[PDB]
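Okay, so here's just one chain, in structure tokens, the form deposited in one PDB entry.
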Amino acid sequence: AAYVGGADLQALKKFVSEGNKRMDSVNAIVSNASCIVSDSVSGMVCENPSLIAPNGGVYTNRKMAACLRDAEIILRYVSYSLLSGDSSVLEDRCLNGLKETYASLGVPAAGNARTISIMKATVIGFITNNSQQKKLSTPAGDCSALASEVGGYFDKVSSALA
């Protein structure tokens, strides 16, 4: 387990204003990971209820559970990329080999694409003050840069999984 504090923490943020907003952006993902995942997987099914009919992608609690698990796994690798400003860990430990594993399992790519897309939208919403039930406890201001960046990581995931 790694701990980043003091000067270690400040080489993480590198520049004053944006670095604070980054830490706030990463906090908003992990502090809401559960509902992000639940709402994104719910939206997937919402738009394609056939995913939950017999032998659909998330029919039975096991499959639904595995999907919610995977969505959080992915969300968390994305949070780590946004903490560190690079996608390398996400690529080598999360995406590398992942599409082929889904292929053998029979996980439908389209569903993944929409879970990822909703997960993206939800995270950007929190970062741009568009979240309606829960606001982040940050100083008001504009985080449009960190929204673009984290969108990039999600788009990386989409490009490999859709």
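Residue positions are given as counts along the sequence shown, with the first one as 1. Whichever C-alpha set is largest while still superposing within 1.5 Å between the two forms counts as the rigid core.
- Stretches 74 to 82 and 88 to 96 differ in mean CA B factor, with 88 to 96 having the higher one.
- 3 to 11 and 153 to 161 differ in mean CA B-factor, and the higher of the two is recorded for 3 to 11.
- Out of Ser137, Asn48, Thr115, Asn27, it is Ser137 whose C-alpha atom has the highest B-factor in the PDB entry.
- Looking at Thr122, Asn32, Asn129, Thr60, the one whose CA carries the top B-factor in the deposited record is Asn129.
- In the PDB entry, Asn55 places in the middle third of its chain by CA B-factor.
- For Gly111, the recorded CA B-factor ranks within the highest third of the chain. Only modelled residues enter the ranking.
- The deposited CA B-factor of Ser42 belongs to the lowest third of values across its chain.
Although not depicted, the form deposited in another entry is the subject of the following passage.
- Annotation: the position in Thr101, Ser137, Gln132, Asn61 displaced by at least 2 Å at CA between this form and the one not shown, with the core superposed, corresponds to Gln132.
- Comparing the forms between this form and the one not shown on their rigid core, the Cα displacement of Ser17 reaches 2 Å or more.
- Note: the CA-CA distance for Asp70 and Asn130 expands in that other deposited form relative to this form, by 3 angstroms or more.
- Between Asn20 and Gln133, the Cα distance is smaller in that other deposited form than in this structure, by no less than 3 angstroms.
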